[PDB]
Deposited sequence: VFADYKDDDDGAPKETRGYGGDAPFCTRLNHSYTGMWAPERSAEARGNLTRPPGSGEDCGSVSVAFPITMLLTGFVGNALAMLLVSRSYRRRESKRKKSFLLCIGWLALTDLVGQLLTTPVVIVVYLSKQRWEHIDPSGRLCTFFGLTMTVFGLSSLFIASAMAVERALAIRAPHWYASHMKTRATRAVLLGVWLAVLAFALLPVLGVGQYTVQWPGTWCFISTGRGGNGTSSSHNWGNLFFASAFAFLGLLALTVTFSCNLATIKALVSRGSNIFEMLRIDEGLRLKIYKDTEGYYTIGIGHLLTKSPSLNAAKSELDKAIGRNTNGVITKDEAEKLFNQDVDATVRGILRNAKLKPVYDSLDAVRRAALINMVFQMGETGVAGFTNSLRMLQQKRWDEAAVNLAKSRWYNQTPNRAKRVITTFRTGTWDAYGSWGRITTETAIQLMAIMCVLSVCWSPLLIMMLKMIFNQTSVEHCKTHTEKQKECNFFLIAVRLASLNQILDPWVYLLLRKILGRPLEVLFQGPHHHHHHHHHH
């Protein structure tokens, strides 16, 4: 095929891939080193690492492909020894699997953040995410080093412009392993992305999710530190030690026979009741009432959060902080709240609350604005792009293992070219398209 064999493909592919990935890295560096409030620096860390992984993979492969075209093909002439072909095979496989596993790591992380928000906020440290991206790399590099040892081999592919995984036992096992490793990556990505979208639709009110991150959600009847029956977001059922008395208390509050188990919607209903009662306490308190009225809906949630943690009297003791809230001295009020025994006992919770009072945003807890639909469309796009670009290669390889005269050589070049396109689209899908086309979103 005179059409498929052209130097115009690697030239335009390298050009588009280079610009996108070098710029994605530049924007990530400007957005991460800021030192603000949110610990979502790990999401920037993954995108930044993905851009680097994609850029290096293109810089190491494409110049060789260009050189063989200029020399008038015959890879075996330019490389009589097996060094460049095995190296090319290695660099194609290590950077190919790394892109798919980083895409999967992000999918898993987003899913954990939304499906288990309480556990995510306390268990992370950021050092774990940096170690995972290092570990994934070494595990992939070790697998890619198998033909060097003896398991499988890297051969010259049609039209003699590139090298890849060859398709008795060693060659077939190494090829099958790559095929199943690639399909596992796509299945893990699709599953976590579908789970995330489903959960974004299920999301409750902004107050509900705020206290879920701070206190946690339990849908089964459990005992607290004092031994009292509790459910949902810290809702005490009864002070009686009887389990029967607790199940009948929950059944009265809900309506139906729950038998210790409830739904997120029912937990939100019990939470909304607790919100009504805490507002009653605030309005009845002489000191908390003028503060509550002067504050906006977002800042009121930060006050309700404090009342849930310390109680009506506990919050009232912060006389100096409350006076600054009505006077709208947000920066000064933050300092006085930080100078407390509460801040030292629960540093992560106090930091998220103080930021909500200071900025008047949900930023410390998450997005939840118009970004909730923006993320849904972005996750949907990932699944579409990843499947069209990476499925033909993976299916072609499984077909080759299962065993002009054949037109498989022509389609295999189309298949690897599509898989290479995924690492050109990556900076656009994950960062650049949102950062550039952020204005037409408000227009539409």
Do you know which deposited regions have no coordinates at all? 1-57, 225-235, 472-482, 524-537
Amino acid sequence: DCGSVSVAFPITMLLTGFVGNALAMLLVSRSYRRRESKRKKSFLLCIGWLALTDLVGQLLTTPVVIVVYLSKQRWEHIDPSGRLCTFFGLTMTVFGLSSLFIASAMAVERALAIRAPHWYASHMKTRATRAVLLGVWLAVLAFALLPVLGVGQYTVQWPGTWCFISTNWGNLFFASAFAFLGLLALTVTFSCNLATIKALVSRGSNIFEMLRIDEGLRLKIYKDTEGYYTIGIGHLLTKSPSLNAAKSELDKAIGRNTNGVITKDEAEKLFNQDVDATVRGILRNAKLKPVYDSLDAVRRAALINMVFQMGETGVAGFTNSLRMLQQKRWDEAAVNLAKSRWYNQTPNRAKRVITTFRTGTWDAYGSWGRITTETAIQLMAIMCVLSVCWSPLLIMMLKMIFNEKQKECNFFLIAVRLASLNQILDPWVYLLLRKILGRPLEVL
From here on, numbers count along this sequence of modelled residues.
Quick check on the record: does 189-197 or 244-252 carry the larger mean Cα temperature factor? 244-252
Per the entry, higher mean C-alpha B factor between 377-385 and 31-39: 31-39
The largest CA temperature factor among 358, 110, 212, 235 is found at 358
Which of these, 304, 297, 184, 114, has its C-alpha atom at the highest B-factor, as the entry lists it? 297
What third of the chain does residue 143 rank in for C-alpha temperature factor, lowest, middle or highest? middle
Looking at the entry's B-factor column for C-alpha atoms only, identify whether residue 100 ranks in the lowest, middle or highest third of its chain. lowest
State the tercile, meaning the lowest, middle or highest third, of residue 441 with respect to the CA B-factors recorded for its chain. highest
Among the modelled residues of this chain, does the Cα B factor of residue 399 put it in the lowest, middle or highest third? middle
Ranked by Cα temperature factor within the chain, is residue 129 in the lowest third, the middle third or the highest third? middle
